[PDB]
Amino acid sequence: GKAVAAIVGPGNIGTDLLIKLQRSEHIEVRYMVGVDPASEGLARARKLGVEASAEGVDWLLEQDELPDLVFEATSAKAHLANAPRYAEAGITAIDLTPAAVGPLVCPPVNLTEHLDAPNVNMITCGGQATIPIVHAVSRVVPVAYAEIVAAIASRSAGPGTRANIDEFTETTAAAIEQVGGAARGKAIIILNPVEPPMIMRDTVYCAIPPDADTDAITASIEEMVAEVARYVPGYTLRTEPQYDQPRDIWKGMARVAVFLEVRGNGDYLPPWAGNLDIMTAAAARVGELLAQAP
């Protein structure tokens, strides 16, 4: 019954995803695929009965039984190389890197929009945490500009994240516009090595009309936070959304600032690494629907 899945990239995101997908109703993770025989994710795959290989995508594509789905959590450049190979082999790809070969998917906002695509992009951790908030504002009032700041514990960002910081920026900004509904988007990512490790923070700033109904915006935000929290229970509002009066420098627009904290469930890294969960729970939602196609 279950769709046969491969995970390419047995790192922080890939290993968290492996755990979450083994709770899945419709997906069997059959293959874990990396490039370093010492990768902890390959060891976790083996302990869980999943076929594991450090022989890369070459090895995956040689297998007698090809997966129905591939989730890639390597780095943007690696996905750019692998995406056409998946397309040729007829394997539907869910891209957890910011490569953005496929259209941008934020499940709380546009889950069903791109289900027919051969490759879907899940944006970034920052995006998955904040684009639902951008949408919660823009569905109430026009948002001329929206900016997100994602701060992550350094221990939770592996080499694959660190190698694609530029792409993180640009893909998240593009998604703020195309999926979040803001006319212009900006994204910032900060790595903090503090001990004890920081729980992921995300701030969302939206330019809003000076005459906006701020009670309506707050209600919309709260509703959206509850919808996200159904899938990531540690996704919370830190404070009431903060509204600020118009300024000349803001072209006469007012602002709303929304402060989120994202605790994870501790599947692989501890709960402070909610950045993993906000992405992997999103990828799992997309995967569960893709798995049910004929």
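From 1 onward, residues are counted along the sequence shown.
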### Message
Tell me which stretch has the larger mean Cα B-factor in this entry, 244-252 or 263-271.
### Response
244-252
### Task
Read off the CA B-factors in the entry, average them over 97-105 and over 111-119, and name the higher stretch.
111-119
### Query
Which of these, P209, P193, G127, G185, has its C-alpha atom at the highest B-factor, as the entry lists it?
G127
### Summary
Top Cα B-factor in this entry, restricted to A89, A144, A136, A216, sits on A89
### Task
Consider only the C-alpha atoms of the modelled residues in this chain, order them by B-factor as the entry records it, and name the third containing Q178: lowest, middle or highest.
highest
### Where the record places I13 (Cα B-factor, split into thirds across the chain)
lowest
### Message
Sorting by Cα B-factor within the chain, modelled residues only, which third would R230 end up in: lowest, middle or highest?
### Response
highest
### Message
Sorting by Cα B-factor within the chain, modelled residues only, which third would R30 end up in: lowest, middle or highest?
### Response
middle
### Entry-reported Cα temperature factor of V50, expressed as the chain third it lands in
middle
